[PDB]
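J.: I am attaching a structure below and will ask some questions about it afterwards.
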Amino acid sequence: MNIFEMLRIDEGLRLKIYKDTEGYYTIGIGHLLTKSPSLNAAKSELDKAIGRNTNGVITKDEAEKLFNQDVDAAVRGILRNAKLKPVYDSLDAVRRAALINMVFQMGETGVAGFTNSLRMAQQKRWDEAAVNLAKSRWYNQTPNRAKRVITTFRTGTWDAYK
Ligand SMILES: [Cl-]
Ligand SMILES: [Cl-]
């Protein structure tokens, strides 16, 4: 298992514009187009992203290219964040994937707010971090997904995804 397969499981794959768990226009593999209530705004965002008049539908190959970019951006966002980098550097490969998943979903800033959890993880207090991670809007809004990431983070195994 790896980051790509992991996120593909958590986000799914859609080729037509859709609304996410929060009402935002998204497409492909969890690619947020816009926070705006506007479909046109979203179509415009899609064409700009894809580089063509899409008419709100992309191809699998298109979805995969956006996904590659987003993963890449997630990692580099981590490596450039001062609070995040040191944590990431301290973790094993599986747990690092758990961190990338979170940043993919909620952004560098959102994640930078799990301060307490982050510090515990740095100290390798798996259980306490896991509990702390659970006390969040994040877990309450998307529990099953949050549950999988937290287990991965706690255990450093892919069990939750097997
Ligand atoms: Cl983009
Ligand atoms: Cl969920």
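Identifiers in this document derive from the order of the structure tokens: chains are assigned A, B, ..., residues are numbered from 1 separately in each chain, and ligands are numbered from 1 in order of occurrence.
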Give me the residues near range 9-19 of chain A as a ChimeraX atom specification, where near means some atom within 7 Å (using only C-alpha atoms) and where sequence neighbours in that chain fewer than 2 positions away do not count.
T.: /A:5-7,21,23-30,56-60,145
J.: Please, which residues in chain A fall within 8 Å of ligand 1 when counting only C-alpha atoms and all ligand atoms, and what is the closest atom pair and distance in Å to one decimal for each, ordered by chain then residue number, as a Markdown table?
T.:
| residue | atom | partner | partner_atom_place_in_ligand_line | distance |
| --- | --- | --- | --- | --- |
| A:48 | CA | ligand 1 | 1 (Cl) | 7.7 |
| A:49 | CA | ligand 1 | 1 (Cl) | 4.7 |
| A:50 | CA | ligand 1 | 1 (Cl) | 7.8 |
| A:66 | CA | ligand 1 | 1 (Cl) | 6.9 |
| A:69 | CA | ligand 1 | 1 (Cl) | 7.6 |
| A:70 | CA | ligand 1 | 1 (Cl) | 7.8 |
J.: What separation in Å, quoted to one decimal, exists between CA of residue 150 in chain A and CA of residue 130 in chain A?
T.: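 CA of residue 130 in chain A lies 5.8 Å from CA of residue 150 in chain A.
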J.: Return as a list in words every polymer residue, whether protein, DNA or RNA, with at least one atom no more than 10 Å from an atom of ligand 2; count only C-alpha atoms and all ligand atoms.
T.: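 My answer, listing the contacting residues, is residues 10, 11, 21, 138, 139, 140, 141, 142, 143, 144, 145, 146, 147 and 148 of chain A.
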J.: For residue 109 in chain A, please output as a list in words all residues within 10 Å (counting only C-alpha atoms; exclusion window: fewer than 6 positions along the same chain).
T.: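 The neighbour list is residues 77, 78, 81, 83, 84 and 103 of chain A.
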J.: Using the selection just defined, write its residues with N, CA, C and O atoms as an mmCIF file, in the first residue's frame.
T.:
data_model
loop_
_atom_site.group_PDB
_atom_site.id
_atom_site.type_symbol
_atom_site.label_atom_id
_atom_site.label_comp_id
_atom_site.auth_asym_id
_atom_site.auth_seq_id
_atom_site.Cartn_x
_atom_site.Cartn_y
_atom_site.Cartn_z
ATOM 1 N N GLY A 77 4.249 21.167 0.647
ATOM 2 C CA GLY A 77 3.680 22.053 1.646
ATOM 3 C C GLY A 77 4.157 21.673 3.054
ATOM 4 O O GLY A 77 4.409 22.510 3.904
ATOM 5 N N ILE A 78 4.267 20.386 3.316
ATOM 6 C CA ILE A 78 4.720 19.902 4.615
ATOM 7 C C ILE A 78 6.172 20.294 4.843
ATOM 8 O O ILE A 78 6.547 20.786 5.902
ATOM 9 N N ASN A 81 6.593 23.829 5.796
ATOM 10 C CA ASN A 81 5.949 24.375 6.941
ATOM 11 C C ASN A 81 6.872 24.159 8.147
ATOM 12 O O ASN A 81 7.479 23.105 8.340
ATOM 13 N N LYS A 83 6.169 24.206 11.387
ATOM 14 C CA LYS A 83 5.691 23.374 12.437
ATOM 15 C C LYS A 83 5.652 21.941 11.951
ATOM 16 O O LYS A 83 5.939 21.022 12.691
ATOM 17 N N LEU A 84 5.324 21.767 10.678
ATOM 18 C CA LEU A 84 5.157 20.445 10.115
ATOM 19 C C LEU A 84 6.412 19.641 9.801
ATOM 20 O O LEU A 84 6.431 18.439 10.006
ATOM 21 N N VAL A 103 -2.956 16.547 5.395
ATOM 22 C CA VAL A 103 -2.637 17.793 4.725
ATOM 23 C C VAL A 103 -3.380 17.846 3.399
ATOM 24 O O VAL A 103 -3.924 18.881 3.025
#
J.: Which residue is closest to residue 88 in chain A? Choose from A:106, A:121, A:1, A:63 and count only C-alpha atoms.
T.: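 When distances to residue 88 in chain A are compared using only C-alpha atoms, the smallest one comes from A:121.
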J.: What is the CA of residue 118 in chain A-CA of residue 99 in chain A distance in Å, reported with one decimal?
T.: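 CA of residue 118 in chain A sits 9.7 Å away from CA of residue 99 in chain A.
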J.: How far is it from CA of residue 116 in chain A to CA of residue 90 in chain A, in Å with one decimal?
T.: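 We find that CA of residue 116 in chain A and CA of residue 90 in chain A lie 15.7 Å from each other.
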